[PDB]
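Here the structure is laid out as structure tokens; the discussion comes afterwards.
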Amino acid sequence: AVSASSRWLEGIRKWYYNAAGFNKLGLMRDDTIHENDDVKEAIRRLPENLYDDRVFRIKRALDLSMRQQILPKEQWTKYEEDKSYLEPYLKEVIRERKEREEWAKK
Amino acid sequence: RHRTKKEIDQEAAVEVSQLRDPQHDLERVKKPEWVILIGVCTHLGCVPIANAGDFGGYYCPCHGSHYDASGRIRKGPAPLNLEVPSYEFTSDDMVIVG
Amino acid sequence: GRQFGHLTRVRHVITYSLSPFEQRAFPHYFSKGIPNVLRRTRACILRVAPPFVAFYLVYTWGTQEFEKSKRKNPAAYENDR
Amino acid sequence: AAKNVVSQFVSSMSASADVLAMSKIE
Amino acid sequence: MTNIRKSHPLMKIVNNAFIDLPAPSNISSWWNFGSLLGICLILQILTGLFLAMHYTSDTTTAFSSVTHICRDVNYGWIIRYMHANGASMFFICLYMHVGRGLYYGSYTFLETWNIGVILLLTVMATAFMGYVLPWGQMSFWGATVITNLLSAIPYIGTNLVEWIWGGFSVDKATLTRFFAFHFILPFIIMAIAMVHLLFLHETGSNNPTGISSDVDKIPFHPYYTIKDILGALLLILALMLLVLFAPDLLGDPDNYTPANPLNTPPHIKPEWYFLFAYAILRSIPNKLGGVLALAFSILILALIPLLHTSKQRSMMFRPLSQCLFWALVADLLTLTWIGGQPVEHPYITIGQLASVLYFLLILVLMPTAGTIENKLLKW
Amino acid sequence: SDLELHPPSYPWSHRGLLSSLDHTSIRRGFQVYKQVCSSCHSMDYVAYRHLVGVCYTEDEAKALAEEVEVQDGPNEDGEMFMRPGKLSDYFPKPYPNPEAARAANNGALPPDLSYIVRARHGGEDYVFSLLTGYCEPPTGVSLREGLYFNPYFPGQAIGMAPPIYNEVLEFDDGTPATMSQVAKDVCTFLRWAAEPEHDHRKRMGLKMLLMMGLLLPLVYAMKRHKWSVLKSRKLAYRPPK
Amino acid sequence: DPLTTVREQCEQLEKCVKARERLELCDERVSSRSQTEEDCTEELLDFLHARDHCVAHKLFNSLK
Ligand code: HEC
Ligand code: HEM
Ligand code: HEM
Ligand code: FES
């Protein structure tokens, strides 16, 4: 029954996305992830392109952070372009482990 | 604290109930003329000031607690009345607190 | 173990740096600071300043009352009556 | 900076005006 | 290798954690508080040992002794006022340290976090006993009322407060104990610090962005030795600014009065670094309830790891917690204020809502905010 | 729970970071303590070491310290046969021992002035505004004779006799001995007995400030010298892709 | 001599005049209803403050 409410979250979502500064840094949502054991394995599963990309992005980002400089307005990550490229990989890794856990009950 | 026939009575006529804590002057001493108290207001216990207060007793500047002559809590924020250390009167001039 | 040859794997990135003796250590500092200082402060201010502002009000009010209630010795209940 | 700092910390042991007051006064 | 001084001695290799170590690039000024933290530990010590080169630990003399260190002894005055003020710094620095850990999720390093916590509490003990060494009106009473606050425990308490004191009050017996433990804590603490460092060396320093920097790592020697020296320079600045221009300013207590056990400053309070916990304690009517809640103030630190709810260990990218993080800090400031306040209505009612705010911020608000933010990002 | 009045930031030569103590004031003040105040208040940590601190010579203070040992001398300390001479002796205790002291002043115990400025909350301001502050008890108020009313005492009542009054003493030079004028000098001598390092410490301050203004800027440049490579650094990413 | 003059001046300023009216009513209220618990001290405590702030600044230039 979500037509008005859930077509307006995108409004807070959008707000929120640009609120969090990582937008400005040239980074994307997936690169802001807490690198834990599941993320880690997902990470490892990335293709050369995807994966080298995430290395430059973070390189460019930690460079900016070191210099306290924001990227130009023209070169920023736009919410409409949400590459959730880790998501696919990350899901399974979890999926596998949930299974493993479950299989270990009895 | 060596009290007085005027002081004893003073503290004797006070109506228990309307005392934060209910303490007959008689349940807090052994020998009426005498009253010995552990100078540690119950609240946060920084020494009272005999002859101060409103109830003719002891005052503890620290927060506004008045103590009567038997040293019984009458104006907080103290919780209880003053403690009465242990003491037995040995000879007629001798009492040993402890 | 070894911390420098074993951190991670990085392909295709060039870096270009210069020597200290060739450059200046203070790059239009006034000019960058103002605009950068300005631009981050203004993105901080909103997230940071509020709660402090709040405390100040509470401090102010909170001390007024005290002095009143206590200096207003007649505050609780009046004299004439 | 170091020189005074160090010097103060060593004179702190050298000989206190307390003692030294009585020295040479008989 | 041959004649690579560093790894030749095995010992000198162990020192290459300073020079050669992987240190992230990006790194707020906040991290200099680690290093300064050590700086302060070393300064207190050098200072302590010289003061304890002219101090005596008896009722009679202690006040005199300090008084004599500040008068007849050459450069004993600065040493002592440097030692007093230092400890302020030491704490000012400590609370930056823990702020940073709170904010960027450095506390993910659970094992490092748990040592930190021990660190924090050990210093806390130290500071509590040293201030009592000089045996002045504030010190005298402050020890009684804190120590006694331990007698809240039902079965033991009472017996136990009496063991700690070495008698029924705080006479010589207690006074020499504090002298001995004050002396030996800092040495024990240094071992801890190094143990703390040990664990941290196994995963390196987190950043403002909150992401691994392994793809960006820098020489600690080249860069971070100057930063640290610079940090010092400012640190000292503050310590001498205080010590030279306003020796007593930050040392609220004006009680340079030899302790008289019947006398009492109606306004009894710990120094600034303890006020938070004081306030929080008063807010509870019941004694025991207040001691538990006092411990929980400080001891609540070790929970936060488990409380973490977001996917971004970095608060840097998360608004809502950045707002409640700041508020807690300003709530903490608010509490510190109460500490030096008459315990009357105005302050009572305030403190009580600040003590609930603090535990809400830490126990309930933040954790929820975490979730929310995660859900707005679609995470 | 009575409002306490608080001391003005009374204009002092030393209020300021670099300002230092005015010894003539010290000097004057001293006498004030010695004539007006030695009678009931002691100064235990103060020796007869004004010499350079108070500009009293060694011969000057020796002599000044000699008569004080001749009259109050070590007979009150326990040096049966002691007389004029010594300089290690500390200012003479008004009374044998505290308990006495309260008897002389009926229950009250004359605080050691050594540290009063640094002891009691509020510094030399309070001390000056106490001595100089003595006004008429407030309509409808009662006062036991000892309990003189003073506008600046916590409990709004102090056991203090005429601390200082015009023409109480006379100074060598000829400084006009006004109640206040004398208080200004008495406080100052107290300030100093409280913190004898006052002048040296402000001196060093000065030298720590200059120095630090040369090291802070210098050291920052070092810091940019080194880091510059990093900050000046620019990056390029060229995949084969 | 010095102190005593300056004090007066200070209580001659429009804000000292203005807040001395509370003192004046105080004193009379209290003296006439002498049994009351009213403190005239408390009233005086406002006057004194403003007198003394002033005193300080001026009083200082007159001493040695
Ligand atoms: C004996 C005649 C005294 C002389 C001379 C001076 N003082 Fe005194 N002072 C005296 C007593 C008995 C008391 C106790 C007050 C009380 O009500 O307990 C005092 C108190 C002070 C204080 C008050 C500090 C406080 O308790 O808050 C101060 C600041 C003080 N004395 C200082 C002082 C100075 C500077 C004097 C000489 C200029 C001086 N006193 C003279 C008794 C006597
Ligand atoms: C960080 C660890 C330490 C802290 C926080 C600390 C703090 C303190 C404090 C707050 C005081 C009270 C001073 C005052 O206000 O007068 C003090 C006093 C003292 N400390 Fe330290 N100290 C530490 C380490 C040491 C060490 C290592 C020594 C000995 C080697 C030492 C020896 C002394 C001595 C002798 C005194 C008493 C005299 C005085 O008051 O200066 N302390 N300490
Ligand atoms: C005795 C006091 C302490 C000393 C000497 C000390 C020292 C150090 C040093 C030198 C560092 C490395 C640099 C830095 O990140 O700033 C460090 C890091 C760290 N400290 Fe401390 N510390 C102390 C107290 C604490 C406390 C009380 C805690 C937390 C409860 C703590 C938690 C941490 C954490 C989490 C880090 C790693 C942060 C990161 O880089 O990601 N420290 N400490
Ligand atoms: S400590 Fe006595 S009333 Fe509070």
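Each answer follows from the model by the rule given with it, or from the source it names; no laboratory read-out is quoted. Every residue, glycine among them, receives a Cβ derived from its backbone with ideal geometry; neighbour counts consider all protein chains shown.
For E:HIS196, only one of the following conditions fails: (1) facing another protein chain (nearest Cβ under 9 Å); (2) over 30 Å from E:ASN148 (Cα atoms); (3) crowded, with 20+ Cβ neighbours inside 10 Å. What is its number?
Here E:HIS196 meets the rest and fails (1).
Filter segment B:62-98 for residues that are aliphatic (A, V, I, L, M) and outside any loop (DSSP other than H, G, I, E, B); which is surrounded by the most Cβ atoms within 10 Å (Cβ to Cβ)?
B:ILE73
Yes/no per residue for (1) in a helix (DSSP H, G or I); (2) closer than 30 Å to C:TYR29 by Cα; (3) in contact with a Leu (Cβ under 7 Å, 6 or more places away or on another chain):
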{"site": "F:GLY155", "(1), (2), (3)": "no, no, no"}
{"site": "F:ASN166", "(1), (2), (3)": "no, no, no"}
{"site": "F:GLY174", "(1), (2), (3)": "no, no, no"}
{"site": "F:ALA177", "(1), (2), (3)": "no, no, yes"}
{"site": "F:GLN181", "(1), (2), (3)": "yes, no, yes"}
{"site": "F:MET212", "(1), (2), (3)": "yes, yes, yes"}
{"site": "F:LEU216", "(1), (2), (3)": "yes, yes, yes"}
{"site": "F:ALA221", "(1), (2), (3)": "yes, yes, no"}
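Which one is nearest to the chain's Cα centre (by Cα), of the residues in segment E:106-132 that are surrounded by 22 or more Cβ atoms within 10 Å (Cβ to Cβ) and not in a helix (DSSP H, G or I)?
Among residues in segment E:106-132 that are surrounded by 22 or more Cβ atoms within 10 Å (Cβ to Cβ) and not in a helix (DSSP H, G or I), the one nearest to the chain's Cα centre (by Cα) is E:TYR131.
Is at least one residue of segment E:67-76 in contact with a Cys (Cβ under 8 Å, 6 or more places away or on another chain) and within 12 Å of ligand 3 (Cβ to nearest atom)?
No, every residue in segment E:67-76 fails to be in contact with a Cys (Cβ under 8 Å, 6 or more places away or on another chain) and within 12 Å of ligand 3 (Cβ to nearest atom).
Could you give every pair whose Cβ atoms fall below 8 Å, whose first residue belongs to segment E:149-174 and is under 14 Å from E:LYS287 (Cα atoms), and whose second residue is of a type in the set (A, V, I, L, M, F, W, C) and in a loop (DSSP other than H, G, I, E, B), counting only separations of at least 6 or pairs across chains?
Going by the 8 Å Cβ cut-off, the qualifying pairs are E:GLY157/E:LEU150.
Looking at segment C:1-60, which of the residues that are among the aromatic types (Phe, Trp, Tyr) and in a helix (DSSP H, G or I) is farthest from the other protein chains (Cβ to nearest Cβ)?
Residue satisfying both the conditions and the ranking: C:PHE30.
Kindly provide the set of residues from segment E:318-334 that are over 27 Å from A:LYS24 (Cα atoms) and more than 19 Å from the chain's Cα centre (by Cα), ordered by number.
Once the filter is applied, which keeps residues that are over 27 Å from A:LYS24 (Cα atoms) and more than 19 Å from the chain's Cα centre (by Cα), segment E:318-334 yields nothing.
What are the residue pairs meeting all of these: first residue in segment E:195-207, first residue outside any helix (DSSP H, G or I), second residue among the basic types (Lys, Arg) and within 9 Å of ligand 3 (Cβ to nearest atom), Cβ atoms under 6 Å, and 6 or more apart or on different chains?
none
State yes or no: is G:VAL30 at the interface with another protein chain (Cβ under 10 Å from one of its Cβ atoms) and either assigned to a helix (DSSP H, G or I) or touching a strand residue (DSSP E or B) at 6+ places or on another chain (Cβ under 7 Å) (or both)?
yes
Could you figure out which of (1) outside any helix (DSSP H, G or I); (2) within 16 Å of ligand 2 (Cβ to nearest atom) isn't true of E:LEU275?
(1)
Using beta carbons and a limit of 9 Å, which pairs, at least six apart or on different chains, have the first residue in segment F:179-203 and over 16 Å from F:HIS50 (Cα atoms) and not assigned by CATH to the domain that holds F:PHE30 and the second one away from ligand 4 (no atom under 16 Å from the Cβ) and in a helix (DSSP H, G or I)?
From residues that are over 16 Å from F:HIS50 (Cα atoms) and not assigned by CATH to the domain that holds F:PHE30, the pairs are F:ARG201/E:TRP77; F:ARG201/E:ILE78; F:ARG201/E:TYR81; F:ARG201/E:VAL243; F:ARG201/E:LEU244; F:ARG201/E:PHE245; F:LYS202/E:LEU244; F:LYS202/E:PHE245.
So, in segment E:218-239, exactly how many residues are of a type in the set (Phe, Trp, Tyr) and either within 10 Å of chain F (Cβ to nearest Cβ) or not in a helix (DSSP H, G or I) (or both)?
Residues that pass the stated criteria total 2.
Here is a list: F:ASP125, F:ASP112, F:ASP89. Which entry is away from ligand 2 (no atom under 16 Å from the Cβ), of a type in the set (D, E, K, R) and within 14 Å of chain G (Cβ to nearest Cβ)?
Of the residues listed, the single one that is away from ligand 2 (no atom under 16 Å from the Cβ), of a type in the set (D, E, K, R) and within 14 Å of chain G (Cβ to nearest Cβ) is F:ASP125.
Checking F:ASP173 against (1) within 14 Å of chain C (Cβ to nearest Cβ); (2) over 21 Å from G:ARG7 (Cα atoms), which single condition isn't satisfied?
(1)
Within segment A:1-34, how many residues turn out to be within 10 Å of chain E (Cβ to nearest Cβ), under 19 Å from A:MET66 (Cβ atoms) and part of a loop (DSSP other than H, G, I, E, B)?
Result for segment A:1-34: 2.
Taking the conditions exactly as written (surrounded by 13 or more Cβ atoms within 10 Å (Cβ to Cβ) and over 29 Å from G:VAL55 (Cα atoms)), does F:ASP89 satisfy them or not?
Taking the combined requirement at face value, the residue satisfies it.
Would you confirm, using the coordinates I've provided, whether A:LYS91 is more than 16 Å from the chain's Cα centre (by Cα), away from chain E (no Cβ under 11 Å) and farther than 30 Å from F:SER232 by Cα?
Answer is no for this residue.
Checking F:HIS225 against (1) under 30 Å from F:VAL52 (Cα atoms); (2) within 14 Å of chain C (Cβ to nearest Cβ), which single condition isn't satisfied?
Unmet condition: (1).
Would you check if E:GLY210 is in a loop (DSSP other than H, G, I, E, B), farther than 24 Å from F:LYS223 by Cα and touching a residue at least 12 places away in the same chain (Cβ under 8 Å)?
yes
Taking the options F:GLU195, F:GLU170, name whichever one is crowded, with 19+ Cβ neighbours inside 10 Å and more than 15 Å from ligand 1 (Cβ to nearest atom).
Only one candidate passes the filter, namely F:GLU195.
Any chance segment F:58-71 includes a residue that's closer than 26 Å to G:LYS58 by Cβ, within 14 Å of another protein chain (Cβ to nearest Cβ) and in contact (Cβ under 8 Å) with a residue 24 or more places away in the chain?
no
Please determine, by comparing only the residues of segment E:329-349 that are in a helix (DSSP H, G or I) and not hydrophobic (A, V, I, L, M, F, W, C), which one is farthest from the other protein chains (Cβ to nearest Cβ).
If we take residues in segment E:329-349 being in a helix (DSSP H, G or I) and not hydrophobic (A, V, I, L, M, F, W, C), then E:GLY339 is farthest from the other protein chains (Cβ to nearest Cβ).
Within segment F:115-132, which residues are in a loop (DSSP other than H, G, I, E, B) and in contact (Cβ under 8 Å) with a residue 24 or more places away in the chain?
Answer for segment F:115-132, where residues must be in a loop (DSSP other than H, G, I, E, B) and in contact (Cβ under 8 Å) with a residue 24 or more places away in the chain: F:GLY122, F:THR132.
Could you please find all residues in segment B:23-61 being part of a loop (DSSP other than H, G, I, E, B), within 16 Å of ligand 1 (Cβ to nearest atom) and not polar (S, T, N, Q)?
B:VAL47, B:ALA52, B:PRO61 - these are the residues of segment B:23-61 that are part of a loop (DSSP other than H, G, I, E, B), within 16 Å of ligand 1 (Cβ to nearest atom) and not polar (S, T, N, Q).
So which residues in segment E:36-58 are free of Cβ contacts under 8 Å to residues at least 40 places away in the same chain and either in a loop (DSSP other than H, G, I, E, B) or within 16 Å of ligand 1 (Cβ to nearest atom) (or both)?
E:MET53, E:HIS54, E:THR56
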